[PDB]
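Worksheet: one structure, shown below.
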Amino acid sequence: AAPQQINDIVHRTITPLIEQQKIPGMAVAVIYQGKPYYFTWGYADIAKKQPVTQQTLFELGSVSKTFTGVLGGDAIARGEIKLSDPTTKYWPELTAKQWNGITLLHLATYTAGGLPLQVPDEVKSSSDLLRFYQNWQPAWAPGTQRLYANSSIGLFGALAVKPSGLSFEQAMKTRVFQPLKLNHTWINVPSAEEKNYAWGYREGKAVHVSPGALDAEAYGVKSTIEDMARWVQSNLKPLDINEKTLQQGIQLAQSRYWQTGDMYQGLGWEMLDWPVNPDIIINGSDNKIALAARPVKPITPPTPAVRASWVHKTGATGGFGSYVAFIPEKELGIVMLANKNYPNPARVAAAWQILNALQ
Ligand SMILES: *C(=O)[C@@H](NC(=O)Cc1cccs1)[C@@H]1NC(C(=O)O)=C(COC(C)=O)CS1
C-alpha cells in the first residue's frame, strides 16, 4: 500500500477522470520521496477481459522522445557528437542548400525551420527519407521558430547514434535501457511479451501503432508502469546513476536550450520553473498550442538543469495516451499510462492536482 494521502488524492483524481474520458485501462505511478507507488484500473484487452497489471505494456507515443533526448545527451557526454555540429557532418548526402546552417541542436529541439509534424507515410526507406529531407523547404530560418515535429527529433536520434556504430535500437538498449534496468521497455515487443501488450482503443476499436519511418526515435517505445516509474526516478536523481556518461546525458536533456513564453525546451523533456501556473501547463498542452509554431529565444549557454522545475512530456498514439511529469527539487513525479488517446489538458490537470497535493 501507499501513504493514505497518496491513495486519497489518486483515487479522488483518477477515478472521475476515467469515468469522464471513458478510459478502458489505466496505470499510474506516483514517485514520492523517491519511491514508487502503483495503481491500476480496468482492462488491457476489453473483449478478452484481461486487466491492466503492473506488467502491462502501453504505447508511450511521444514520451519516447525523452529516451531519444537522453540517448543524445549520452552521446554528447561520450564526446561522439556536439549539438553545434552541422546535420551534414553525419549525413553528407544531405547536400541541398537549405541544410547549410541546420545543426543537431535545431533537429533535437524542433527549431530547424518548419520540419513537419509527421514523416509522410509514403516515406519508408532511407532513400525515401533522403528525398523527403532534400525536397523539404523551410518556412523560417533555423533557430527562430519551434514547431513540434517527429521528423525533426526523429532525425536527430538517427544521426546522434552514427559515431557509435550502433543502430538506434541497439544504442538505446545498450546505453539507456540496460544500465537503468528497464527490462520491460521495448522499441519492438518480442513475441513472448505480446501477451502483456495492451490493446489501444480508438472509437471503440482495438488498435496498435503502425510502423513508420523514425518511429523508434519519435514515438515507438512501449513500456510498463514499473519501468516508467524507474525512468522517472532516474531523471529525478541522476547522481545515483553509476554510468557517468548516462548521468551526464540525463542532466543535458534537462538543460534549457530555448525559451518560448514560460516553457523551456530540453532534449525530449520540456520544463517550466516551479511553482507553475497550472492554467499555463494545462492550456499549453492542448494541441492548439502544443503543435503550433512558436517563436523561440536562444539560451546561450544552455541553462544547466534547474532542480526547481516542472519537467514533463505528453505522448499519444492512435489508441494510447501517456503523460510523465516530475519535480526534481521535491523528489516527486507521476506517470499516467492509458489505452485511450484522451485530451492532453485532462492529463496535465490530473497530474498537477496530484503532485500539488503531495508537494
Ligand atoms: C506524440 O505523442 C504524437 N504522436 C505521434 O506522432 C505518434 C502517433 C502514431 C499514430 C497516431 S499518433 C502526437 N499525437 C497526436 C494524437 O493526438 O495522437 C497528435 C494529434 O494530431 C493532430 C493533428 O491533432 C499529433 S502527433
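Excluded from the calculations below are hydrogen atoms, water molecules and symmetry mates; all remaining heavy atoms, backbone and side chain alike, are included. In listed order, ligands and their atoms are each counted from 1. Nothing fancy with the numbering, it's 1 onward along the sequence.
Residue contact check for ligand 1: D215 places no non-hydrogen atom closer than 4.0 Å to it.
Remark: ligand 1 atoms within the under-4.0 Å shell around heavy atoms of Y219 are 7 (C). Atoms of ligand 1 lying under 4.0 Å from at least one heavy atom of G315, given by number and element, are 2 (O).
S285 places a side-chain N or O within 3.5 Å of a backbone atom of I282 that can act as its donor or acceptor partner.
The six-membered or imidazole ring of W269 lies near that of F326, with a centre-to-centre distance under 6.0 Å. In this structure, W199 has its ring center under 6.0 Å from that of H208.
Looking only at heavy atoms of the protein, atom 26 (S) of ligand 1 is closest to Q118 NE2, 3.5 Å. In this structure, atom 11 (C) of ligand 1 lies nearest to the protein heavy atom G318 N, 3.4 Å. Among protein heavy atoms, atom 20 (C) of ligand 1 sits closest to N287 ND2, 3.7 Å. Closest to atom 21 (O) of ligand 1 among all protein heavy atoms lies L291 CD1, 4.0 Å. Scanning the protein for heavy atoms near atom 9 (C) of ligand 1, the closest one is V209 CG2, 3.9 Å. Protein heavy atom in closest approach to atom 3 (C) of ligand 1: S62 OG, 2.7 Å. With respect to atom 16 (C) of ligand 1, the closest heavy atom belonging to the protein is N341 ND2, 3.2 Å. The nearest heavy-atom contact from the protein to atom 12 (S) of ligand 1 is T317 CA, 3.6 Å.
Proximity of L117 to ligand 1, defined as any heavy-atom pair under 4.0 Å, is confined to the side chain (atoms from C-beta onward).
Neither side chain, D74 nor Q248, offers a donor N or O lying under 3.5 Å from an acceptor on the other.
Between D128 and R131, at least one side-chain nitrogen of the basic residue sits less than 4.0 Å from a carboxylate oxygen of the acidic one, meeting the salt-bridge criterion. A salt bridge is absent between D45 and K49; no separation between the charged side-chain nitrogens and carboxylate oxygens falls under 4.0 Å.
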- [ ] Just do the salt bridge (charged side-chain N to carboxylate O under 4.0 Å, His left out) check on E270 and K65 with the steps written out, would you?
- [x] CA-CA 11 Å; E270 298 167 26; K65 293 176 175 80; over 6 Å; no
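Annotation: side chain of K222 is in contact with side chain of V209 (closest heavy-atom distance under 4.5 Å). Considering only heavy atoms from C-beta on, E59 stays 4.5 Å or farther from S322 through its side chain.
Between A316 and ligand 1, an N or O atom pair is found at a separation short of 3.5 Å. Considering backbone and side-chain N/O of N150, one or more are found under 3.5 Å from N/O of ligand 1.
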